[PDB]
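S.K.: What follows is structure.pdb, PDB, N, CA, C and O atoms and all ligand atoms.
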MODEL        1
ATOM      1  N   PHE A   1      -7.251   9.253  12.679
ATOM      2  CA  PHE A   1      -6.779  10.562  13.207
ATOM      3  C   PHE A   1      -6.142  10.347  14.580
ATOM      4  O   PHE A   1      -6.811  10.318  15.594
ATOM      5  N   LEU A   2      -4.847  10.172  14.605
ATOM      6  CA  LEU A   2      -4.126   9.924  15.895
ATOM      7  C   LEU A   2      -3.374  11.170  16.356
ATOM      8  O   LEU A   2      -2.843  11.923  15.573
ATOM      9  N   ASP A   3      -3.306  11.374  17.636
ATOM     10  CA  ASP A   3      -2.564  12.551  18.161
ATOM     11  C   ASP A   3      -1.111  12.434  17.700
ATOM     12  O   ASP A   3      -0.488  13.408  17.326
ATOM     13  N   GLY A   4      -0.574  11.242  17.707
ATOM     14  CA  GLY A   4       0.835  11.049  17.251
ATOM     15  C   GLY A   4       1.047  11.805  15.934
ATOM     16  O   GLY A   4       2.158  12.053  15.518
ATOM     17  N   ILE A   5      -0.015  12.191  15.285
ATOM     18  CA  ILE A   5       0.119  12.952  14.012
ATOM     19  C   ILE A   5       0.886  14.250  14.305
ATOM     20  O   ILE A   5       1.731  14.665  13.537
ATOM     21  N   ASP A   6       0.612  14.883  15.412
ATOM     22  CA  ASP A   6       1.342  16.142  15.756
ATOM     23  C   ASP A   6       2.838  15.814  15.832
ATOM     24  O   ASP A   6       3.685  16.574  15.404
ATOM     25  N   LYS A   7       3.145  14.679  16.381
ATOM     26  CA  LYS A   7       4.558  14.237  16.522
ATOM     27  C   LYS A   7       5.184  14.071  15.131
ATOM     28  O   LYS A   7       6.327  14.414  14.902
ATOM     29  N   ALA A   8       4.432  13.539  14.207
ATOM     30  CA  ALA A   8       4.953  13.331  12.826
ATOM     31  C   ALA A   8       5.331  14.674  12.193
ATOM     32  O   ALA A   8       6.280  14.767  11.439
ATOM     33  N   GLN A   9       4.597  15.715  12.479
ATOM     34  CA  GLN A   9       4.927  17.038  11.875
ATOM     35  C   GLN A   9       6.340  17.438  12.296
ATOM     36  O   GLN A   9       7.107  17.976  11.524
ATOM     37  N   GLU A  10       6.679  17.180  13.527
ATOM     38  CA  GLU A  10       8.032  17.540  14.034
ATOM     39  C   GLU A  10       9.109  16.791  13.235
ATOM     40  O   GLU A  10      10.155  17.330  12.930
ATOM     41  N   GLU A  11       8.871  15.546  12.917
ATOM     42  CA  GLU A  11       9.892  14.752  12.165
ATOM     43  C   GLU A  11       9.586  14.780  10.665
ATOM     44  O   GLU A  11      10.233  14.114   9.882
ATOM     45  N   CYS A  12       8.620  15.557  10.250
ATOM     46  CA  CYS A  12       8.307  15.630   8.794
ATOM     47  C   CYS A  12       9.605  15.906   8.032
ATOM     48  O   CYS A  12       9.874  15.321   7.001
ATOM     49  N   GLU A  13      10.420  16.784   8.553
ATOM     50  CA  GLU A  13      11.718  17.099   7.890
ATOM     51  C   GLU A  13      12.554  15.821   7.806
ATOM     52  O   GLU A  13      13.293  15.616   6.872
ATOM     53  N   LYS A  14      12.467  14.989   8.801
ATOM     54  CA  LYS A  14      13.278  13.742   8.817
ATOM     55  C   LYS A  14      12.849  12.816   7.674
ATOM     56  O   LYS A  14      13.669  12.180   7.042
ATOM     57  N   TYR A  15      11.576  12.729   7.404
ATOM     58  CA  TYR A  15      11.108  11.835   6.305
ATOM     59  C   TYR A  15      11.178  12.581   4.971
ATOM     60  O   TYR A  15      11.066  11.990   3.915
ATOM     61  N   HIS A  16      11.373  13.872   5.011
ATOM     62  CA  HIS A  16      11.469  14.664   3.748
ATOM     63  C   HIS A  16      10.195  14.480   2.918
ATOM     64  O   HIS A  16       9.092  14.545   3.424
ATOM     65  N   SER A  17      10.353  14.256   1.641
ATOM     66  CA  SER A  17       9.177  14.069   0.746
ATOM     67  C   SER A  17       8.720  12.604   0.793
ATOM     68  O   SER A  17       7.737  12.235   0.183
ATOM     69  N   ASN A  18       9.428  11.764   1.499
ATOM     70  CA  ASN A  18       9.026  10.329   1.561
ATOM     71  C   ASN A  18       7.892  10.152   2.570
ATOM     72  O   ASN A  18       8.094   9.674   3.668
ATOM     73  N   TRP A  19       6.698  10.525   2.201
ATOM     74  CA  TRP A  19       5.549  10.365   3.133
ATOM     75  C   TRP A  19       5.224   8.879   3.294
ATOM     76  O   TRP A  19       4.690   8.456   4.299
ATOM     77  N   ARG A  20       5.537   8.086   2.307
ATOM     78  CA  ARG A  20       5.240   6.628   2.398
ATOM     79  C   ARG A  20       5.968   6.014   3.592
ATOM     80  O   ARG A  20       5.426   5.191   4.304
ATOM     81  N   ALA A  21       7.191   6.399   3.819
ATOM     82  CA  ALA A  21       7.941   5.824   4.968
ATOM     83  C   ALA A  21       7.275   6.272   6.270
ATOM     84  O   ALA A  21       7.107   5.500   7.193
ATOM     85  N   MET A  22       6.881   7.514   6.345
ATOM     86  CA  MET A  22       6.208   8.013   7.577
ATOM     87  C   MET A  22       4.902   7.240   7.785
ATOM     88  O   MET A  22       4.595   6.802   8.875
ATOM     89  N   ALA A  23       4.140   7.053   6.744
ATOM     90  CA  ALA A  23       2.864   6.295   6.879
ATOM     91  C   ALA A  23       3.172   4.903   7.436
ATOM     92  O   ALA A  23       2.450   4.373   8.256
ATOM     93  N   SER A  24       4.243   4.307   6.983
ATOM     94  CA  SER A  24       4.614   2.946   7.465
ATOM     95  C   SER A  24       4.988   2.999   8.955
ATOM     96  O   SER A  24       4.680   2.097   9.709
ATOM     97  N   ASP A  25       5.654   4.036   9.383
ATOM     98  CA  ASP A  25       6.048   4.119  10.823
ATOM     99  C   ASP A  25       4.812   4.344  11.696
ATOM    100  O   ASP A  25       4.679   3.753  12.750
ATOM    101  N   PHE A  26       3.912   5.190  11.280
ATOM    102  CA  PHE A  26       2.692   5.446  12.107
ATOM    103  C   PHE A  26       1.542   4.559  11.618
ATOM    104  O   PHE A  26       0.454   4.585  12.157
ATOM    105  N   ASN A  27       1.782   3.764  10.611
ATOM    106  CA  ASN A  27       0.714   2.857  10.093
ATOM    107  C   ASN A  27      -0.562   3.642   9.770
ATOM    108  O   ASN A  27      -1.648   3.237  10.132
ATOM    109  N   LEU A  28      -0.446   4.751   9.074
ATOM    110  CA  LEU A  28      -1.664   5.554   8.706
ATOM    111  C   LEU A  28      -1.848   5.508   7.182
ATOM    112  O   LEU A  28      -0.887   5.405   6.448
ATOM    113  N   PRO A  29      -3.067   5.607   6.700
ATOM    114  CA  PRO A  29      -3.333   5.599   5.234
ATOM    115  C   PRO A  29      -2.836   6.900   4.568
ATOM    116  O   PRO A  29      -2.744   7.927   5.212
ATOM    117  N   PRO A  30      -2.513   6.861   3.296
ATOM    118  CA  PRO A  30      -2.016   8.060   2.561
ATOM    119  C   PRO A  30      -2.806   9.345   2.877
ATOM    120  O   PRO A  30      -2.314  10.441   2.688
ATOM    121  N   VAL A  31      -4.028   9.229   3.321
ATOM    122  CA  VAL A  31      -4.829  10.460   3.599
ATOM    123  C   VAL A  31      -4.131  11.312   4.664
ATOM    124  O   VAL A  31      -3.953  12.502   4.493
ATOM    125  N   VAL A  32      -3.758  10.733   5.766
ATOM    126  CA  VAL A  32      -3.105  11.544   6.832
ATOM    127  C   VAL A  32      -1.663  11.866   6.460
ATOM    128  O   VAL A  32      -1.187  12.957   6.692
ATOM    129  N   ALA A  33      -0.954  10.934   5.896
ATOM    130  CA  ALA A  33       0.461  11.215   5.541
ATOM    131  C   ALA A  33       0.506  12.381   4.559
ATOM    132  O   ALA A  33       1.223  13.342   4.751
ATOM    133  N   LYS A  34      -0.269  12.314   3.519
ATOM    134  CA  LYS A  34      -0.289  13.426   2.536
ATOM    135  C   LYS A  34      -0.758  14.706   3.228
ATOM    136  O   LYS A  34      -0.258  15.783   2.972
ATOM    137  N   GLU A  35      -1.726  14.599   4.096
ATOM    138  CA  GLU A  35      -2.233  15.813   4.791
ATOM    139  C   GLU A  35      -1.095  16.465   5.582
ATOM    140  O   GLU A  35      -0.968  17.672   5.622
ATOM    141  N   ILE A  36      -0.266  15.678   6.213
ATOM    142  CA  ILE A  36       0.861  16.261   6.996
ATOM    143  C   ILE A  36       1.780  17.031   6.045
ATOM    144  O   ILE A  36       2.223  18.124   6.339
ATOM    145  N   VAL A  37       2.046  16.478   4.893
ATOM    146  CA  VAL A  37       2.906  17.185   3.903
ATOM    147  C   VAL A  37       2.179  18.449   3.452
ATOM    148  O   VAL A  37       2.764  19.499   3.276
ATOM    149  N   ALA A  38       0.897  18.337   3.265
ATOM    150  CA  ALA A  38       0.082  19.498   2.823
ATOM    151  C   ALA A  38       0.122  20.617   3.862
ATOM    152  O   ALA A  38      -0.235  21.739   3.579
ATOM    153  N   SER A  39       0.534  20.331   5.065
ATOM    154  CA  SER A  39       0.579  21.401   6.107
ATOM    155  C   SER A  39       1.995  21.965   6.153
ATOM    156  O   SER A  39       2.197  23.155   6.299
ATOM    157  N   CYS A  40       2.978  21.126   5.991
ATOM    158  CA  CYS A  40       4.378  21.624   5.982
ATOM    159  C   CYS A  40       4.507  22.623   4.833
ATOM    160  O   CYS A  40       4.082  22.359   3.729
ATOM    161  N   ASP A  41       5.062  23.774   5.078
ATOM    162  CA  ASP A  41       5.176  24.783   3.985
ATOM    163  C   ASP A  41       6.324  24.433   3.034
ATOM    164  O   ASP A  41       6.297  24.780   1.869
ATOM    165  N   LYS A  42       7.343  23.779   3.513
ATOM    166  CA  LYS A  42       8.493  23.452   2.620
ATOM    167  C   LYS A  42       8.151  22.282   1.692
ATOM    168  O   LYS A  42       8.479  22.298   0.522
ATOM    169  N   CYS A  43       7.503  21.266   2.193
ATOM    170  CA  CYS A  43       7.162  20.107   1.318
ATOM    171  C   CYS A  43       5.920  20.440   0.483
ATOM    172  O   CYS A  43       5.570  19.723  -0.433
ATOM    173  N   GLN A  44       5.256  21.526   0.785
ATOM    174  CA  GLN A  44       4.046  21.903  -0.007
ATOM    175  C   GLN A  44       4.493  22.420  -1.370
ATOM    176  O   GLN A  44       4.237  21.815  -2.393
ATOM    177  N   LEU A  45       5.160  23.537  -1.390
ATOM    178  CA  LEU A  45       5.627  24.103  -2.683
ATOM    179  C   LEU A  45       6.933  23.416  -3.076
ATOM    180  O   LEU A  45       7.738  23.063  -2.236
ATOM    181  N   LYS A  46       7.156  23.229  -4.346
ATOM    182  CA  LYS A  46       8.418  22.574  -4.789
ATOM    183  C   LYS A  46       9.569  23.579  -4.674
ATOM    184  O   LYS A  46       9.912  24.254  -5.622
TER     185      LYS A  46
HETATM  186 CD    CD A 101       8.302  18.776   5.662
ENDMDL
END
Can I see the file as structure tokens?
M.R.:
Amino acid sequence: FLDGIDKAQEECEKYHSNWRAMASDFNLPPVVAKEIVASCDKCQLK
């Protein structure tokens, strides 16, 4: 659980649905990357 996670939400649009690339940039396990998508309202619903 890194604060930089808040920063990832801002660029969530930049990574789009590719949470794997974001996880690689912040080096976080799928749990946090998926959680960030789960918070974004656009990447949540199709
Ligand atoms: Cd998003």
S.K.: How would you write, as a ChimeraX atom specification, the residues chosen by the PyMOL selection byres (((not hetatm) and name CA) within 7 of (chain A and resi 101)) on this structure?
M.R.: /A:12-13,16-17,37,40-43
S.K.: At a cut-off of 12 Å, using only C-alpha atoms, what residues contact residue 19 (chain A)? Leave out same-chain residues fewer than 2 positions from it and give the result as a PyMOL selection string.
M.R.: chain A and resi 8-9+11-17+21-38+40+43
S.K.: Could you check how far atom C of residue 7 (chain A) sits from CA of residue 46 (chain A), in Å to one decimal?
M.R.: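 Separating atom C of residue 7 (chain A) from CA of residue 46 (chain A) is a distance of 21.9 Å.
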S.K.: Distance atom O of residue 3 (chain A)-atom C of residue 44 (chain A), one decimal place?
M.R.: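 Answer for the atom O of residue 3 (chain A) to atom C of residue 44 (chain A) separation: 21.3 Å.
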